[PDB]
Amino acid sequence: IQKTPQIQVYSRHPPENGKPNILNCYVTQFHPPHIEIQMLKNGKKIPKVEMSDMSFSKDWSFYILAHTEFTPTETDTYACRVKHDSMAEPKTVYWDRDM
């Protein structure tokens, strides 16, 4: 029995055009533990993506934080793609800098 990951994409500090930041992708509520996480800039896979160690919570579901350094601009688009057994195809959540 599988659980669908939930995803948040968000900066570490309030976004400010031209200032170095960290973009996070927080993935929770999934099971099994194996999951494939990617961050994309302007449609293209970002290669340098750090991943926290994986944990689980009292309901047994797993969670992990993906993150990459970045400098937001007015037009650059950001996203996080998650591939998980529980979904037929990957899920892409886009960065909304108001959230």
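Here, rigid core means the biggest group of C-alpha atoms that superpose within 1.5 Å across both forms. Numbering starts at 1 and runs along the sequence shown.
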Inset, instruction - Consider 35-43 and 49-57 separately and indicate which one has Cα atoms farther, on average, from the shown form in 7 other deposited structures of this protein after rigid core alignment. - result: 49-57
Inset, instruction - Would you tell me which stretch averages the higher CA B-factor in the PDB entry, 60-68 or 44-52? - result: 44-52
Legend entry - Segment of higher mean CA temperature factor, 19-27 or 80-88: 80-88
Inset, instruction - Can you work out whether the C-alpha temperature factor of residue 2 puts it in the lowest, middle or highest third of the chain? - result: highest
